[PDB]
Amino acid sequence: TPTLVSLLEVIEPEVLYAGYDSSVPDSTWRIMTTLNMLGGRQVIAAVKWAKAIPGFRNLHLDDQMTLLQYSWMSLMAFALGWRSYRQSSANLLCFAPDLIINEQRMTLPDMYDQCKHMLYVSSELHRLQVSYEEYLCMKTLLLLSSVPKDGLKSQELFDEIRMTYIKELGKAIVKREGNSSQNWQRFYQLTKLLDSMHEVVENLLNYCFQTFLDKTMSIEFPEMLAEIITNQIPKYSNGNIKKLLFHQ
């Protein structure tokens, strides 16, 4: 029988290239623009990925759409943190193999202020020495981190699916012997990082929503992101979001 985490591991999507021509100089506008086009391709891959997570397709189609709309930024930022954490010990952002933002590229105007919220994720993964298995359980949990004010059409089932992946995160923590007040502290620490993603996403979405809405900025978003953003902007103004937390 295959374990649940091994099933999350085989569906881990391939690395996408940004298509960034480095023979041309950098600019903040050029990088932000390239990243949005990459972001849309990465979100399309996250849809294919979500559909293969055991249990996810059993939710009402409207709930599948809802979870993907609420969590896309959280999934994008968490996965970027992982790639950055695995790339080097240095303070870099590995957006793609052809677009790595080093300390020299961070000197670009307004670059550091958007990049620091993203650098926090890899910093926490380095500091907590997060494993591949813990990451895979945590990333699936980030997909199930927000729900509508009045919940989902398959809420009962969602709470069951969510519980299963919380238990799965527990199993990965224990697999790193370990035991026992040491384990409770690992669960505390990792679920605290999961909770802080809501704050990371809030900062990322402020940039995202502003650059989308202000057409004088000339910052393009592909169909995939434009659609999700158009749908999500009113949901953040009508309080139609219940951000799930492990620690109150």
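One rule holds for the numbers: they count along the sequence shown, beginning at 1.
Relative to one another, 100-108 and 150-158 have unequal mean CA B-factors, and 100-108 is the one with the higher figure.
For the two regions 91-99 and 67-75, the entry's Cα B-factors average higher over 91-99. When the C-alpha B-factors of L80, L119, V174, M138 are read from the PDB record, the largest value belongs to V174. Across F56, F221, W184, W29, the greatest Cα temperature factor reported in the deposited entry is at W184. Among the modelled residues of the chain, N206 sits in the middle third by CA temperature factor in this PDB entry. Ranked against the other modelled residues of its chain, the C-alpha B-factor of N238 as given in the entry falls in the highest third. Sort the modelled residues of the chain by CA B factor and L16 lands in the middle third. Residue-level temperature factors show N231 in the middle third of its chain, judged at the C-alpha atom.
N179: CA B factor in the highest third of modelled residues in this chain (values from the PDB entry).
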